[PDB]
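Enquirer:
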Amino acid sequence: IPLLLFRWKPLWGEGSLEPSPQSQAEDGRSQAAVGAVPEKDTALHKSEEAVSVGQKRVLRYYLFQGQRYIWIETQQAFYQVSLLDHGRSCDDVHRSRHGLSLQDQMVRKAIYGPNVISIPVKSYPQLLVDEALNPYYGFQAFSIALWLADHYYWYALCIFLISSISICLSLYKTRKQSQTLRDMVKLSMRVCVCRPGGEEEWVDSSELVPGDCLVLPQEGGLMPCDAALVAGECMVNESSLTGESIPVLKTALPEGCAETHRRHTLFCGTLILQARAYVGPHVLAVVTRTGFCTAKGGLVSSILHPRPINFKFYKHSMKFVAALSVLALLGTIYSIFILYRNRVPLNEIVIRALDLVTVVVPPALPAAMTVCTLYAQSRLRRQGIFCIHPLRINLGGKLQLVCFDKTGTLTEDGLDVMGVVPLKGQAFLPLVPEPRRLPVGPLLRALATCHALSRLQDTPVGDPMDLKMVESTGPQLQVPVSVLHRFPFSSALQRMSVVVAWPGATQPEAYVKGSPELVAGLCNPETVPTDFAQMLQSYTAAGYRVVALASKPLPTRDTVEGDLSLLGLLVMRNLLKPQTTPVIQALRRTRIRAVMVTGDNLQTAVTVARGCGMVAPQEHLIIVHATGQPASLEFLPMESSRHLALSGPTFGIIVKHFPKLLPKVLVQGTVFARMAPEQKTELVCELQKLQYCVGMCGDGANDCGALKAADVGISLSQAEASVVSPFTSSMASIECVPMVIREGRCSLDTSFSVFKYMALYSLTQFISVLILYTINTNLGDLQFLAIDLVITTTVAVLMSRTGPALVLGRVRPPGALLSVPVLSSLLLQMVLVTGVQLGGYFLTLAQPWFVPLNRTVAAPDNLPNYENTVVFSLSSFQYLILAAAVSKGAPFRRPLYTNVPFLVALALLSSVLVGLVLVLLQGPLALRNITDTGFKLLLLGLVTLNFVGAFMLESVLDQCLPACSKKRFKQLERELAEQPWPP
Ligand SMILES: Nc1ncnc2c1ncn2[C@@H]1O[C@H](COP(=O)(O)OP(=O)(O)O)[C@@H](O)[C@H]1O
Ligand SMILES: [Mg+2]
Ligand SMILES: [Mg+2]
């Protein structure tokens, strides 16, 4: 020890590297280290090695963002604990069916931990110190001490009381955010395990390690651990990790690993429904990942350690500070040079000149910007839209592009069958609209057994496609029996296989059900006829939902899928929602681009993108359809502002073999079809590299990678807020997509209003003291208190309560404070402010009842003079004129009379402040009460010259047209104008 710099820290974290290198020795040999600093580039993080309790061997671990890193003496490095058993063979978990004994469970627990999502409950002394130990409140405690020196008790009290409001609002924001995360990871539950010889023992869910076995109750419940199913079957509701409320099917793990075997894994938190065994006495699961290593542990660990959003946090910090410093120092050296000309004794010139740098730092600035964000999150919640991080609400007003998923999002999630189109030897015999009429053969057993719905509590429950084609024929559900669901439906492979058998068969048959251009590629080519592309387009370009069916007899693996015989097409109808078409046309009107992103068929997705309005009539679009070979694009025009339509594999050829042709497609492509759930994610990440600000409105599991990758992701038709998306709407409509844009624009406008107000606020009171430091007549105590506490804090907390508009328009919020329409406002609003203070001061000098002030006493001591009363009365109205001037909401917010507490406060404070002029309270506030003539009515006729002169000045400045591209996409669009890309 003896290297601590605590003796030099009591006489003063700007540079973390220049401070930790002196408080601790720069020592190598991390086997014998105690603290580790964790970054090459980026920001620094100092981590403490933990409190190792390993008796047999020393254990050196440390938490870092929940992720334990472990020390290994045979490699001499810090490897991640999640990495440990990575690469484990598929037969090892089947040798792990008996679990772990108590001699090996305790060893495991130390390495992995208690399997708990660690949301720490911060105490109020631990949380007041986390907020008050900041430079800003360090300057506000310097301000409480500096005024107290001059005996301004009242002024000092409100610097404490405003900062106590500012602290307690940041302790409401933080404590309620962490209570939201803590209420969705609470999984205390009794769990039965198996030991090496016949034990259950009823262990707790916070006592589980990887490698341990786990039996599952028939009734089901939340999944405590990220297990792996080895023996049995179960139906899982994965709405807490994906978004689909439909149950999925979980096949047991074969013999031969968490993302590949996605249909074999029971993720943590997702509820299980039936959990049948069918092989032994009970159903077995083997634990793979625990608390911060699992998914729902890695989603929470990305919530509370987020990524920087791609928007400037108010654009300029340093530039604004520099401007303030030049502006506020030129008013500071003025009071140096003027108070010396008024012959101050130079002891009080250092306490007066340090009071001008105090008034330009308003104490209510973090409180006014906190409620600007709490009001925004509270307005979305009443409209049904939820939120986790309210720092992305301001990204809603910057959306230049929104991507949508077609089925269940633009269209209705429910289906209705139209009838099968059978096949009898390359024929396409015509459609059977009631499929309980065609005879018992391979096709009638196909659509009655190739499903995954389950008999659960008096109603069948499953996929909305599978619920309809079984209802289309109407058999009972528990004569053909299902041997094994050989392949559950995955969205990336676009098919589903079921092996069936029935009494009276020589051999079982193997049915399939998938997308028509993928099954017909798979089937024996001597069965699919020559007009399959024409018989498909006759249905799928009328707006129908078509899947195919095929069979093969079996005399397991995926030998089932291949050398099939095509049975028939199943045709379903998918109608748009009633709310889809006005929303897409509202986005197209306001120059926000809308993009179809779906996994469904191409000709179906084009006839949906016309019926709702991605492509208006008399607008040409081109289907590209690159070949699977590395040849060209071939362009097939569609006849029914260029648009483009792509297939899934077409987007794969262009991103891998035409890399310079890819930006010309993304600036004008509107329909993307047959997209894999990892190709949707790739499209969002490729659009953001063109410097778009993309949105994403989706539904279900295939959109999960795209919702995370987007700047704004919205998930539909869910309760409270899921971990999956930043914004989780619960409306089952896309009309929550303009609500986020419209709330996002007003919050980006009511934040720049509070910025302009506190700038116009500080400056007004700064000049109102500069007029009173000359003539040695500084402002009162209670007057200062009223100006800072009663007037200004009321019209800044209530200022941002207004609400967003009702109709979007094609104008964006400016996104930059220091610009020429804003500095021309702040210059010309303040030329006026000084004109009606100096002009109201030089006019009271020329009155016959006027006596000057006794200059040779002091500044605060014995002066209730006339020079204070004619300035305080004419300055206290400036804070209500400017509170309603910058609160303009005609393009973005609303007119301010809708905000009822911002009318009642702004009229009661404009009525008391008349009673301090005409009718007084002059004991307090030290007002010169001897004014008895009709000079009162001349000052009120000068306030009205400001109540009109400020509203009628910004209306001129809004009509400012200066007569005197950076974004990549804009450049491409210009190039496209000159030369069209498709021809
Ligand atoms: N339950 C199912 N069984 C078999 N095939 C399906 C099922 N659901 C969808 N498909 C087919 O798989 C393809 C891709 O699936 P998916 O991406 O989930 O489609 P969607 O965008 O309509 O949700 C679709 O063209 C659809 O025809
Ligand atoms: Mg689907
Ligand atoms: Mg969907």
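Numbering-wise, the sequence shown is residues 60 to 71, 113 to 139, 143 to 146, 148 to 360, 365 to 582, 610 to 613, 620 to 696, 708 to 779, 784 to 796, 820 to 1098, 1101 to 1145, 1155 to 1173 according to the authors' numbering.
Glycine is no exception: its CB is placed at the ideal position from the N, C-alpha and C atoms.
Give me, in chain order, the residues of the same chain whose beta-carbon lies closer than 8 angstroms to that of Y259; leave out the 5 immediate sequence neighbours on both sides.
Expert: As a working mapping, residue 259 is identified with position 155 in the sequence shown. Cβ within range, chain order: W251, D960, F963, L964, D967.
Enquirer: Use the C-beta contact count for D882: other C-beta atoms within 10 angstroms, 16 or more gives buried, fewer gives exposed.
Expert: For this step, residue 882 is matched to residue 703 along the sequence shown. Flag for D882 reads buried.
Enquirer: Out of curiosity, what's the CA-to-CA distance linking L273 and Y256?
Expert: One-based indexing of the sequence shown puts residue 273 at position 169. One-based indexing of the sequence shown puts residue 256 at position 152. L273 and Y256: Cα-Cα distance of roughly 26 angstroms.
Enquirer: Consider the C-beta atom of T519 and the heavy atoms of ligand 2; say whether any pair is separated by less than 6 angstroms.
Expert: Counted from its first residue, the sequence shown places residue 519 at position 411. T519: no, Cβ never under 6 angstroms from ligand 2.
Enquirer: Can you list, in chain order, the residues of its chain whose CB lies under 8 angstroms from that of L1059, leaving out five sequence neighbours each side?
Expert: Position 880 of the sequence shown, counting from 1, holds the residue named residue 1059. Cβ within range, chain order: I970, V974, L1085, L1088, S1089, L1092.
Enquirer: Just reading off the beta strand (DSSP E) that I176 is part of, what are its end residues?
Expert: Reading the sequence shown from its first residue, position 72 is the one you call residue 176. From DSSP, the beta strand (DSSP E) with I176 extends over 171-176.
Enquirer: Thinking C317 and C298 are a contact (beta carbons under 8 angstroms), I'd like their distance in whole angstroms, please.
Expert: Position 213 of the sequence shown, counted from the start, is the residue given in the question as residue 317. Position 194 of the sequence shown, counted from the start, is the residue given in the question as residue 298. Sure, about 5 angstroms apart at Cβ, within 8 angstroms.
Enquirer: Judging by CA-CA distance, which residue of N1047, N726, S692 is the nearest neighbour of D715?
Expert: Here residue 715 corresponds to residue number 563 of the sequence shown, with the count starting at 1. For the residues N1047, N726, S692, the minimum Cα distance to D715 belongs to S692.
Enquirer: Between which residues of its own chain and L1032 is the CB-CB distance below 8 angstroms, once the five residues before and five after are set aside?
Expert: Here residue 1032 is taken as the residue at index 853 of the sequence shown, counted from 1. If we look at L1032 and ignore the five residues flanking it on each side, its Cβ neighbours are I954, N955, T956, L1042, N1044, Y1045, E1046.
Enquirer: For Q635, which residues from the same chain have a beta carbon less than 6 angstroms from its beta carbon, with the 5 sequence-adjacent residues on both sides left out?
Expert: The count along the sequence shown starts at 1 and reaches residue 635 at position 494. Counting only Cβ-Cβ distances below 6 angstroms, and skipping sequence neighbours, we find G655, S656, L659.
Enquirer: Run the proximity test for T981: is its beta-carbon closer than 6 angstroms to any non-hydrogen atom belonging to ligand 2?
Expert: To locate residue 981, count along the sequence shown from 1; it is residue 802. No; taking the cut-off as 6 angstroms, the Cβ of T981 has no heavy atom of ligand 2 nearer than that.
Enquirer: Assign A778 to one of two classes, buried (16 or more other C-beta atoms within 10 Å of its C-beta) or exposed (fewer than that).
Expert: Taking the sequence shown and counting its residues from 1, one reaches residue 778 at position 626. Buried, because 16 or more other Cβ atoms sit within 10 Å of the Cβ of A778.
Enquirer: When we look at the beta-carbon of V863 and count the other beta-carbons within 10 Å, is it buried (16 or more) or exposed?
Expert: Stepping through the sequence shown from its first residue, residue 863 is reached at position 684. Result: buried.
Enquirer: Give the C-beta separation of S116 and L148 to the nearest angstrom, bearing in mind that I take them to be a contact with Cβ-Cβ under 8 angstroms.
Expert: Translated into the one-based positions of the sequence shown, residue 116 becomes position 16. Translated into the one-based positions of the sequence shown, residue 148 becomes position 44. Yes, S116 and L148 are in contact; Cβ-Cβ is about 5 angstroms, under 8 angstroms.
Enquirer: Report all residues from its chain with a CB closer than 8 angstroms to the CB of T1048; omit the five preceding and five following residues, and keep chain order.
Expert: Position 869 of the sequence shown, counted from the first residue, corresponds to residue 1048. Once the five neighbours on either side are set aside, the close Cβ partners of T1048 are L1108, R1109, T1112.
Enquirer: Is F630 near ligand 1 - that is, is its Cβ less than 6 angstroms away from at least one heavy atom of it?
Expert: Locating residue 630 in the sequence shown gives position 489, counting from the first residue. Flag set: Cβ of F630 near ligand 1.
Enquirer: Quick check on the burial criterion: 16 or more other C-beta atoms within 10 angstroms. Buried or exposed for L561?
Expert: Mapped onto the sequence shown, residue 561 falls at position 453. Flag for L561 reads buried.
Enquirer: Given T943, which residues of its chain have a CB within under 6 angstroms of its CB, disregarding the five upstream and five downstream residues?
Expert: Here residue 943 refers to the residue found at position 764 of the sequence shown. Counting only Cβ-Cβ distances below 6 angstroms, and skipping sequence neighbours, we find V1012, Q1057.
Enquirer: On the DSSP letters alone, give me the boundaries of the alpha helix (DSSP H) that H836 sits inside.
Expert: Mapped onto the sequence shown, residue 836 falls at position 657. 827-836 is the span of the alpha helix (DSSP H), which, as asked, contains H836.
Enquirer: Name the two residues that bound the continuous alpha helix (DSSP H) containing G1122.
Expert: Here the question's residue 1122 lines up with position 941 in the sequence shown. 1117-1130 is the span of the alpha helix (DSSP H), which, as asked, contains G1122.
Enquirer: Give the secondary structure of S623 by DSSP, where H, G and I count as helix, E and B as strand, and everything else as coil.
Expert: Indexing the sequence shown from 1 puts residue 623 at position 482. DSSP places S623 in strand when its eight states are reduced to three.
Enquirer: Runs of 4 residues minimum, wholly inside the segment 404-476: which ones carry the alpha helix (DSSP H) assignment?
Expert: 408-411, 426-438, 440-449, 457-467
Enquirer: Hey, is the segment 467-482 in contact with the segment 274-293, meaning 3+ C-beta pairs nearer than 8 angstroms?
Expert: Enough Cβ pairs lie closer than 8 angstroms, so yes.
Enquirer: Which residue's Cα is closest to the Cα of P649: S623, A674, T668?
Expert: Along the sequence shown, one-based indexing puts residue 649 at 508. Nearest C-alpha to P649: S623.
Enquirer: What separation, rounded to the nearest whole angstrom, lies between the Cα atoms of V468 and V844?
Expert: Here residue 468 refers to the residue found at position 360 of the sequence shown. Here residue 844 refers to the residue found at position 665 of the sequence shown. Cα-Cα distance, rounded: 51 angstroms.
Enquirer: Measure the Cβ-Cβ separation of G892 and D513 and say whether it is below 7 angstroms.
Expert: Residue 892 sits at position 713 when you count from the first residue of the sequence shown. Residue 513 sits at position 405 when you count from the first residue of the sequence shown. No, the Cβ-Cβ distance between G892 and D513 is not below 7 angstroms.
Enquirer: Compute the beta-carbon to beta-carbon distance between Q770 and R821, rounded to the nearest angstrom, for a pair I have assumed lies under 8 angstroms.
Expert: Position 618 of the sequence shown, counting from 1, holds the residue named residue 770. Position 642 of the sequence shown, counting from 1, holds the residue named residue 821. Actually they are not in contact, since the Cβ atoms of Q770 and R821 sit about 13 angstroms apart, beyond 8 angstroms.
Enquirer: May I ask whether a heavy atom of ligand 2 can be found less than 6 angstroms away from the beta carbon of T750?
Expert: Counted from its first residue, the sequence shown places residue 750 at position 598. Result no, Cβ not under 6 angstroms from ligand 2.
Enquirer: Hey, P119 and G113 are a contact pair by Cβ (cut 8 angstroms); roughly how many whole angstroms apart?
Expert: Counting from one through the sequence shown, the residue named residue 119 turns up at place 19. Counting from one through the sequence shown, the residue named residue 113 turns up at place 13. With a Cβ gap of about 7 angstroms, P119 and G113 count as contacting.
Enquirer: Is there contact between the segment 740-755 and the segment 561-580, where contact requires at least three CB pairs shorter than 8 angstroms?
Expert: no
Enquirer: In this structure, how does DSSP classify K576 when only helix, strand and coil are distinguished?
Expert: Start at 1 with the first residue of the sequence shown, and residue 576 comes out as number 468. Residue state, collapsed to three classes: helix.
Enquirer: Run through DSSP, which three-state label would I223 get?
Expert: Position 119 of the sequence shown, counted from the start, is the residue given in the question as residue 223. In this structure, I223 counts as coil in the three-state DSSP scheme.
Enquirer: Can you check DSSP and say which residues form a bridge with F1056?
Expert: Here the question's residue 1056 lines up with position 877 in the sequence shown. Under DSSP, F1056 shares a beta bridge with no residue.
Enquirer: Can you tell me which residues form a DSSP beta bridge with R686?
Expert: Residue numbering aside, residue 686 sits at position 545 when the sequence shown is read from its first letter. Looking at the DSSP assignment, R686 forms a beta bridge with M724.
Enquirer: For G655, is the beta carbon positioned less than 6 angstroms from some heavy atom of ligand 1?
Expert: Within the sequence shown, residue 655 is the residue found at index 514, counting from 1. Yes, ligand 1 has a heavy atom inside 6 angstroms of this Cβ.
Enquirer: Within the same chain, show all residues whose beta-carbon is closer than 7 angstroms to that of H202, passing over the 5 residues directly before and after it, in chain order.
Expert: One-based indexing of the sequence shown puts residue 202 at position 98. Taken in chain order, the residues that qualify are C298, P300, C317.
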